[PDB]
Amino acid sequence: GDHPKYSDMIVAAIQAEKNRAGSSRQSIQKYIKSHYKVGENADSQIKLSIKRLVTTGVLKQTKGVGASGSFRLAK
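Residues numbered from 1 in each chain as written, not as in the entry; some residues may be left out. Heavy atoms only, no water.

### Things to note about the side chain of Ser-70
At step 1: Position of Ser-70 relative to the elements: it lies in the loop between β1 (59-61) and β2 (71-73).
At step 2: Residue classification places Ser-70 among the buried positions, given a relative accessible area of 9%.
At step 3: Aside from chain neighbours lying at most four places away, what touches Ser-70 is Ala-21, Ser-23, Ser-24, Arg-25, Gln-61, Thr-62, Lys-63 and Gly-64. (Helix = DSSP H or I, 4+ residues; strand = E, 2+ residues; numbered from the N terminus. Buried < 20%, exposed > 50% of the residue type's maximum accessible area, 1.4 Å probe, protein only. Contact = heavy atoms within 4.5 Å.)

What follows is the structure, encoded as structure tokens:
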């Protein structure tokens with residue numbers, strides 16, 4: 001129950017830091033790693049899931065792409 005869906009954790013991380021500038025890419029994994037136990041493989045999956053979410057358009061794109069990789073949550 002502490003590890004339901006990667007997207008849910010990503011959403012939770014972004015919701016936790018619903019900053020105007022958006023949530024940094026590092027912040028998404030940092031929040032998840034800090035609040036949820038993750039492994040190296042999981043980190044890779046998180047990055048893939050974040051990318052997929054952006055790909056599906058679920059996650060909004062924010063500036064600093066590649067630098068910070070800020071992402072916004074489309075409510």
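### Considerations on the nonpolar core
At step 1: Ranked by size, the top nonpolar core spans eleven residues in total: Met-9, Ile-10, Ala-13, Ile-14, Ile-28, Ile-32, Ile-46, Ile-50, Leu-53, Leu-59 and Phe-71.
At step 2: Mapped by element, the contributors of at least two residues to this core are α1 (6-16), α2 (25-35) and α3 (40-56).
At step 3: When residues of this core are assigned to their parent elements, the largest contribution, four residues, is made by α1.
At step 4: Sequence-distant contacts of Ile-50, defined by excluding residues within four places in its chain, comprise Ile-10, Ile-28, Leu-59 and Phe-71. (Core = buried A, V, L, I, M, F, W, Y, C linked by side-chain atoms within 4.5 Å.)

### A short note on the UniProt feature "domain: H15" in the protein
At step 1: Following the UniProt record, one finds the feature "domain: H15" at residues 2-75.
At step 2: For residues 2-75, the end-to-end C-alpha separation is 23 Å, with 53% helix and 8% strand making up the annotated structure. (UniProt positions renumbered as here; feature names shortened; annotations may be inferred.)

### Examining the environment of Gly-66
At step 1: Inspection of the secondary structure puts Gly-66 in the loop between β1 and β2.
At step 2: Given the relative accessible area of 71%, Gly-66 is considered exposed.
At step 3: On a C-alpha basis, the gap between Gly-66 and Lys-51 in space is 12 Å, while along the polypeptide they are 15 residues apart.

### A short note on α3
At step 1: Here α3 contains 17 residues, and its C-alpha end-to-end distance of 24 Å stays within 8% of the 24 Å for a straight helix at 1.5 Å per residue.
At step 2: For α3, the set of buried residues is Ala-42, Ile-46, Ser-49, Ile-50 and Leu-53. The buried residues of α3 all sit within an arc of 100° when viewed along its axis, so they share a single face. In α3, the exposed residues that point more than 90 degrees away from the buried face are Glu-40, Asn-41, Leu-48, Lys-51, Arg-52 and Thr-55.
At step 3: Where α3 is buried, its residues touch α1, α2, β1 and β2.
At step 4: Of the residues trailing α3, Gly-57 is marked for its positive phi of about 90°. (Expected span 1.5 Å × (residues − 1). Arc of directions from axis to C-beta.)

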